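Next up: a single chain in structure tokens, the form deposited in one PDB entry.
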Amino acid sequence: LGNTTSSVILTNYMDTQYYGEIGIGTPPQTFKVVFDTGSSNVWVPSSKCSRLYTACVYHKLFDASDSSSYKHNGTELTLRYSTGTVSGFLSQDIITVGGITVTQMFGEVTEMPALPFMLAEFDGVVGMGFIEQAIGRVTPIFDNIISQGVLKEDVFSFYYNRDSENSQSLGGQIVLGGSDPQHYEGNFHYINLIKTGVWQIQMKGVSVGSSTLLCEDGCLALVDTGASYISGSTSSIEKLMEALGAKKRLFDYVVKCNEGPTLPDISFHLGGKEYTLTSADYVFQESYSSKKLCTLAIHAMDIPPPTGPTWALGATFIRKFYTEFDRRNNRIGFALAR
């Protein structure tokens, strides 16, 4: 341990994508990345990404030939998420994350599909997960930063803000090595991980207003900074949505915008505490008109073993509760807001 922290300011795109800058190379090539506790690899698109993929013409590409600290590896890799898949090869270089500099093995991505990566405002991903789930067992970036012995504590924290058209306010902030009390209130309460290797905790029930109608007898909750939404299994979400009176439009679940504020609180029972989102927290009140339909920030996602079936607590949850991921103690701390 040392005496420093490093923060990275995040851009909020439409409350569904949150990303910040890293630099790769000497001199640094700068990319927009999602900092993702739900995966463990660092990747960006390659200058060798063939321009067949519209996604690669529309994102910043890493040119290894322009860095005097680049070292070749070549080993191939396929990274696949629950919503999309990328593929490429391993390279080594220096990565700057809020003026921490760290030598890191990462993926230069050469196959990058339009679905979904044309919708991505970010270029790549910095996996904040554990080595146990890293592809190619490449040492994750946070472990390499812990190895430097500069960070005040072996934790990192996430603030995700609510988007506003009347402010140019920060979209979010990640702090490596600690937390920022400006963005939460009170004190952390922690829930221990079921096992090291995944940012996943036991959940003891999910209530809709007055009744634990879901997850009686327990279920799993991934805390996923790379997911836009709160997610459940298709069956859990069907039942949640019936309880709310929301219905599947064509693609998504909606409520009449005026009735949004009549919807019940949703509480997630974690570590003896109730983490409660109100309807204002989980419905996109694009308006409050009785003539308009409004979407909810909750979706089905059937996550396969070994990680799933599980709920995923993504940006929707994180906007409400500032989150501290504690590697030393294998636990996740939450605090409100702000």
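C-alpha atoms forming the largest set that superposes within 1.5 Å between two forms make up the rigid core. The first residue of the shown sequence is 1; numbering continues from there.
One more form of this protein should be noted, the form deposited in another entry, which is absent from this view; the next part is about it.
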| item | value |
| --- | --- |
| Residue from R137, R249, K152, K71 whose Cα, after superposing the rigid core, lies 2 Å or more away between this form and the one not shown | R249 |
| Core superposition between this form and the one not shown, C-alpha change of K273 at least 2 Å | no |
| C-alpha of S289 off by 2 Å or more between this form and the one not shown on rigid core | yes |
